[PDB]
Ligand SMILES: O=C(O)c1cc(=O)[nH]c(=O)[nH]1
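This document starts with one chain, in the form deposited without this ligand, laid out as structure tokens.
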């Protein structure tokens, strides 16, 4: 299921059952995004990630999400984005510099060895929502799908998480992510804020932020299970 399905089929057929219910308020908006993508292709433009990966962050169970990591837009280099914020496919070398920064801090914070590859799927399988606010991008055109309708989709997702009584930690990287604080404050959600891991900002405070260990300390305090951050 790709673009065709996103334009034409119910949420139940696109994402995990809990997510499908959570995203029901934006069912028409999702369909409209599928049409936007169809129009892009008809016009002789491409988009990233692959259609089958666009909604991938919502294919893991809504009820198990305990940490939210927000990204802005997918990687713009062809072949990098795979539908989970910051993740890349296992064969990708070198890693994008933002991911290399995230992994630098992972090693410093947790003491684990540097990951073998850039695939963050294990995090998604273990209750981390790796959510870009904008879920597609035109190749090599950073932030080119901003303002095209994804924002309402991804905001609906975040509000559904925040509305729950269940524990949530939100890792908020950069000023744009920090815009989410109001919706997060009225819930059972603690936000960890730092500069973004992009090389443009990382050295102003991303390094040293220890988000992984902090998120776990917060979770355990709230009686939730921590995340097993360990990557192979």
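Take the two forms, find the largest set of C-alpha atoms that superpose within 1.5 Å, and that set is the rigid core. Numbering follows the first chain given and starts at 1. Shifts are known only where both forms have a C-alpha.
From this point on, the text means the form deposited with this ligand bound, which you will not see here.
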- For residue 86, is any heavy atom within 4.5 Å of this ligand in the entry with it bound, or not? yes
- Query: Hey, in the entry with it bound, does residue 144 get a heavy atom within 4.5 angstroms of this ligand?
  - Reply: no
- Query: Should residue 136 be counted as a contact of this ligand in the entry with it bound, where contact means heavy atoms within 4.5 Å?
  - Reply: no
- Query: Does at least one non-hydrogen atom of residue 72 fall within 4.5 angstroms of this ligand in the entry with it bound?
  - Reply: yes
- Message: Among the candidate stretches 160 to 168, 23 to 31, 64 to 72, 50 to 58, which one is within 4.5 Å of this ligand in the entry with it bound when only heavy atoms are counted?
- Response: 64 to 72
- Name the single residue among 127, 76, 115, 149 that comes within 4.5 Å of this ligand in the entry with it bound, judging by heavy atoms. 76
- Message: Just to make sure I understand: among 129 to 164, which residues lie within 4.5 Å of this ligand in the entry with it bound, judging by heavy atoms?
- Response: 132
- Task: With the core superposed, find the residue in 178, 64, 53, 29 that moves its CA 2 Å or more between the shown form and the other one.
- Result: 178
- Task: Would you say whether residue 193 is displaced between the shown form and the other one, judging by a C-alpha shift of 2 Å or more on the superposed rigid core?
- Result: yes
- Message: residue 177 and residue 73: their C-alpha distance differs by 3 angstroms or more in the entry with it bound. Do they come closer or move farther apart compared with the shown form?
- Response: farther
- Message: Flagged pair residue 177/residue 118: C-alpha distance shifts by 3 angstroms or more in the entry with it bound. Which direction, closer or farther?
- Response: farther
- Note on the structure: Segments shifting between the shown form and the other one (at least 3 consecutive residues, Cα moved 2 Å or more after rigid core fit) are at 173 to 175, 177 to 179, 188 to 203
